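A short worksheet on the structure shown next.
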Amino acid sequence: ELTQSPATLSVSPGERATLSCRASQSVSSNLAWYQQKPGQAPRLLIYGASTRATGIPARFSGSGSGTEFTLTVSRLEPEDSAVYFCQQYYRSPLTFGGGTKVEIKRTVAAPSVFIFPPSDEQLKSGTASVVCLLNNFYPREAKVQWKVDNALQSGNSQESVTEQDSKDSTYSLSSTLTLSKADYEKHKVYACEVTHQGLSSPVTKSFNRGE
Amino acid sequence: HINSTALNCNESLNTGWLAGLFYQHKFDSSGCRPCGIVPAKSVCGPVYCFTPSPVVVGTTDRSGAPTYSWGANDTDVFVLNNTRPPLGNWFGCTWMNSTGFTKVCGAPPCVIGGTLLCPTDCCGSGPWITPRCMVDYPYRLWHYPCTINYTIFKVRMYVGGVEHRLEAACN
Amino acid sequence: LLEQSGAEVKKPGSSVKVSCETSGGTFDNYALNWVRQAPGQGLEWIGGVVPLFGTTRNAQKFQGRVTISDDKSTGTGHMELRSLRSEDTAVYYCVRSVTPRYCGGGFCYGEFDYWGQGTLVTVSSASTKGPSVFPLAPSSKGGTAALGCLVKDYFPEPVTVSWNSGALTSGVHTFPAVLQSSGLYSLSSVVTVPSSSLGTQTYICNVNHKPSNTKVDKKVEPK
Ligand SMILES: *[C@@H]1O[C@H](CO)[C@@H](O[C@@H]2O[C@H](CO)[C@@H](O)[C@H](O)[C@H]2NC(C)=O)[C@H](O)[C@H]1NC(C)=O
Ligand SMILES: *[C@@H]1O[C@H](CO)[C@@H](O)[C@H](O)[C@H]1NC(C)=O
Ligand SMILES: *[C@@H]1O[C@H](CO)[C@@H](O)[C@H](O)[C@H]1NC(C)=O
Ligand SMILES: *[C@@H]1O[C@H](CO)[C@@H](O)[C@H](O)[C@H]1NC(C)=O
Ligand SMILES: *[C@@H]1O[C@H](CO)[C@@H](O)[C@H](O)[C@H]1NC(C)=O
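Residue numbers (the numbering used here), protein chains in the order written: chain X, 1199 to 1409; chain Z, 21 to 191; chain R, 419 to 641.
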């Protein structure tokens, strides 16, 4: 019975980020705001709609009553990269809000690209996985293309992207090209071509099989 | 006999006095009439009446059978309706109204005097048995936070013929 | 300061028992509640219990089965859920509350003060399988190089990877696991270190997969 808007926020440091929570039914002041940092348990920020918990800085500021609530983060710090939730403790069923993901904006940063050949240990099993690493970049949007002997690949790579880093506000990406040992020992050069806003030109990291 | 307890509390934004029900509560320092029937709607939680040894009166229908709902149930009330121990069960009662105010009815066990057995200036607060002492019962700290620093003594008190061995909280 | 039992996998219809411990215990808590989080969706309240009155309270989706027991002796909490469903797969949080704001009676209501580490509960008929760990060696070429480990072919989630027994944390990136077509999960952990440390500085990668009780330490050397 709780509606958090917007679903996604993106805002520069030192500026104010406000989050709205709207209940379908009145909940008076029995509302609580929580902060969930990447890979951690929620932390109690505000209780009683506007009362700060112990150890929470004054920049965090709860507000509102009835069906209408707002959470204010006045002076944003890269640490604030988290998803915030609202939760009511009034009516019989306890309900949480949908949750608002907060992204800290920063200067555009270019990805440090690396490439990793499959270990000889993995090859004795019969499989080969090549790993391209896009490290510490911003913003999140980035393209990865796997070339094998300059031939573009498709449907054989799976990529994974980290949540925004708490300290430097960057994302890291890891694309994994998976293919058989046989297919692997039929080509010499394996390349990873990366596209990003901070790069004026697509960077290609490559290697020769067994070198 | 724990179901009987009336348990309606609102609201704890201001003081978190409610915690006092479960354990010691961080109350702010320092801020420091007949008895008949009380509706269970305004009561959180246990009601203490004194004989003067402290005694617990649970919810009952009016009247007078006990109710094992947490009151809660609309019929639930506390029947006090009492006369002083020569001869009666209790002098007076104390409990907490749901907002967290402390409600006292009847008279304190000191009242036997006379005189000089009640506190010097007489009473808004508590079950005194002595100008300096009041009765010690499990929810005294919750009911009377100001008495947190009180020393505790083993004390004899005689009412009519009966003799009461009871614990007292003094200055 | 609230530790929960390790992640588990059970077949649909089976039962799970998740515990909670406090170090150091025991502090003043009046209520023990549980809140699960499915990867797809936001937080959902499961239930709670105030141990002083012994009164329990659940939600409609768990009304029939779940039982929450809070032991005050050792300060140990417990949630048992029987006849598991596919939608029961979530990260289950143990949460304790100090300071009530409302009491309906018997149950009391308040904000959630302290949360647990979380416990991944996986409801799947699939078999439990330990992972293989492979070296991601640096290429021997600012002067900053990268190296890592590939945790491959394991079920179910999660896998926890540290470096040098937790000594190396800065510059470490452990990527979200990806679900392969084989039904198995794959995960990789990388780290950026100075180039001049490659031969001299030892790098051990510590991989843990509780559901299979697997602890594997893989040394990563350049070549
Ligand atoms: C708790 O007690 C307070 C006062 O002891 C109650 O508030 C009183 O309300 C009456 C009539 O409604 C007024 O005449 C008094 O002036 C009020 N007292 C104060 C201090 O404001 C309150 O109603 C009680 N709580 C409940 C839920 O009944
Ligand atoms: C608590 O009290 C306030 C005002 O006295 C009221 O508006 C609110 O509905 C009450 N809360 C509950 C849980 O009934
Ligand atoms: C209790 O006291 C009330 C108010 O004085 C009175 O109306 C009622 O008759 C009494 N009931 C009993 C139990 O005597
Ligand atoms: C409340 O008390 C009534 C009688 O006044 C009783 O019939 C009923 O069972 C009680 N309510 C519940 C749900 O137990
Ligand atoms: C009683 O003493 C305690 C310290 O033991 C103190 O913090 C408190 O304020 C005192 N109580 C009052 C209301 O004087």
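C-beta atoms are modelled at their ideal positions from N, C-alpha and C, and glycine is treated no differently.
One finds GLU31 and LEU33 in chain Z with Cβ atoms closer than 8 Å to the Cβ of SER1227 of chain X, taken in chain order.
Annotation: the continuous beta strand (DSSP E) that includes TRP1231 of chain X extends over 1229-1234. In the structure shown, the three-state DSSP call for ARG160 of chain Z is helix. For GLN1285 of chain X, no alpha helix (DSSP H) segment is defined; the enclosing uninterrupted segment is the beta strand (DSSP E) at 1281-1286.
A residue is called buried once 16 or more other Cβ atoms fall within 10 Å of its Cβ, and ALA544 of chain R, having fewer, is exposed.
Counting only residues of its own chain and dropping the five nearest sequence neighbours on each side, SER1404 of chain X has a CB closer than 6 Å to the CB of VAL1387 and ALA1389.
When the alpha-carbon of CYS29 of chain Z is set against those of Z:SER118, Z:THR71, Z:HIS21 and Z:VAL67, the nearest one is in Z:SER118. If the five residues before and after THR1265 of chain X are omitted, its C-beta is found closer than 8 Å to the C-beta atoms of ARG1220, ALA1221, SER1222, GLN1223, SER1224 and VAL1225, all from its own chain and listed in chain order. Cβ-Cβ distances below 6 Å link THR473 of chain R to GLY524 and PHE525 in the same chain, with the five nearest sequence neighbours on each side left out; the list follows chain order.
In terms of side-chain proximity, the C-beta atom of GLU1199 of chain X is found no nearer than 7 Å to any non-hydrogen atom of ligand 2.
By the neighbour-count definition (other C-beta atoms within 10 Å, threshold 16), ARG519 of chain R is a buried residue.
Residue pairing by DSSP places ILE622 of chain R opposite R:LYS637 in a beta bridge.
In the structure shown, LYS428 of chain R adopts extended strand secondary structure according to DSSP, grouped into three states.
Those residues of the stretch 98-114 of chain Z placed with their C-beta closer than 9 Å to a C-beta in chain R do not exist. Beta-carbon to beta-carbon, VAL1329 of chain X and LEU568 of chain R are separated by about 7 Å, close enough to satisfy the 8 Å threshold. Under DSSP, the beta-bridge partners assigned to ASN451 of chain R are R:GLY466 and R:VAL513. When the Cα atoms are used, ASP48 of chain Z and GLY1237 of chain X turn out to be separated by approximately 38 Å. Residue burial is scored here from C-beta neighbours: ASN1354 of chain X has fewer than 16 other C-beta atoms within 10 angstroms and is therefore classed as exposed. Across the structure, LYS1322 of chain X and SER557 of chain R are spaced so that their CA atoms are roughly 21 Å apart. The C-alpha of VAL155 of chain Z lies about 15 Å from the C-alpha of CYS125 of chain Z.
If you look at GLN1395 of chain X, you'll find it isn't in any alpha helix (DSSP H); DSSP assigns it neither H nor E. Distances from the CB of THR25 of chain Z to the heavy atoms of ligand 4 are all 7 Å or more. Exclusion of the five residues before and after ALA456 of chain R leaves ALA508 as the residues of its chain whose Cβ lies within less than 6 Å of its Cβ. By the neighbour-count criterion, in which 16 or more other beta carbons inside 10 Å mark a residue as buried, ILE464 of chain R falls on the buried side. Collapsing the DSSP output to three states places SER62 of chain Z in a helix.
Relative to ligand 1, the nearest heavy atom lies less than 7 Å away from the CB of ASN117 of chain Z. Minimum Cα-Cα distance from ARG500 of chain R among the listed residues R:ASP488, R:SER515, R:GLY482 and R:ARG514 corresponds to R:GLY482. A straight-line Cα-Cα distance of about 7 Å links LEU1292 of chain X and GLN1285 of chain X.
In terms of Cβ geometry, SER542 of chain R and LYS570 of chain R do not form a close pair [threshold 8 Å]. Not one heavy atom of ligand 3 lies closer than 7 Å to the C-beta of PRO86 of chain Z. Proximity of the stretch 80-88 of chain Z to the stretch 103-117 of chain Z falls short of the contact definition, fewer than three beta-carbon pairs being nearer than 8 Å. Contact annotation, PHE1267 of chain X with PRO1240 of chain X: C-beta distance approximately 17 Å; criterion of less than 8 Å not satisfied.
Identification of chain R residues near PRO1240 of chain X by a Cβ-Cβ cut-off of 7 Å yields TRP533, ordered along the chain. Placement of the Cβ of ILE57 of chain Z at a distance of less than 7 Å from at least one heavy atom of ligand 3 is found. Contact between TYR1369 of chain X and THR1376 of chain X is ruled out by a C-beta separation of about 23 Å, above the 8 Å threshold. Distances taken from the Cβ of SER62 of chain Z to the heavy atoms of ligand 3 include none shorter than 7 Å.
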